[PDB]
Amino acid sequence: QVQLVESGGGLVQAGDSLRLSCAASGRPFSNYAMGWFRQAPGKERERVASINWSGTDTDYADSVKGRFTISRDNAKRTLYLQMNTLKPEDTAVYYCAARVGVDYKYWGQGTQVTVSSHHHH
C-alpha cells in the first residue's frame, strides 16, 4: 500500500548535523500525516517529530524540540528530518512512519544514526 525507505543516516561526531530522508512509494503521500520515530538499545521507541500533510503544523518531542526540523516535499513525495547539534544520547535507529487516524499504519526499515562522544565535552 505505502512503502517508506529511510536514507541519509550514518555516524557523526558530537555537535554536528545530519539530514535524513524518506522515500514515499505507493498511495498519495499528500494523503498521510507523517512522523519520525527512533529506537535506541535498552530504551523504548519515542516519537521525535510529526507533521501534517500540508506542513502547516509540526510537533516535536521536548528532547529535540529545538534542534530537529521536520520537512516534507509532497511534489517529490519525500519526508526529511534535519538534525542539528547532535549528541551521543541521540544515537539510535530513526524510522519513517505514516499516520492514518491515530495509528501510525506504515513504517520503513529504518536508518541507523551513530554519534560519537569524542570531540565534544
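Note that residue numbering begins at 1 and tracks the sequence as displayed.
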| property | result |
| --- | --- |
| Which of 37 to 45 and 78 to 86 has higher mean CA B factor, as the PDB entry lists it | 37 to 45 |
| Third of the chain, ranked by Cα B-factor, where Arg67 sits | lowest |
| Ranked C-alpha temperature factor of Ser21 among modelled chain residues, by third | lowest |
| Assigned third (lowest, middle, highest) for the C-alpha B factor of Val12 | highest |
| Position of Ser116 among the chain's modelled residues by C-alpha B-factor, lowest, middle or highest third | highest |
| Third assignment of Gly108 from its chain's C-alpha B-factors | lowest |
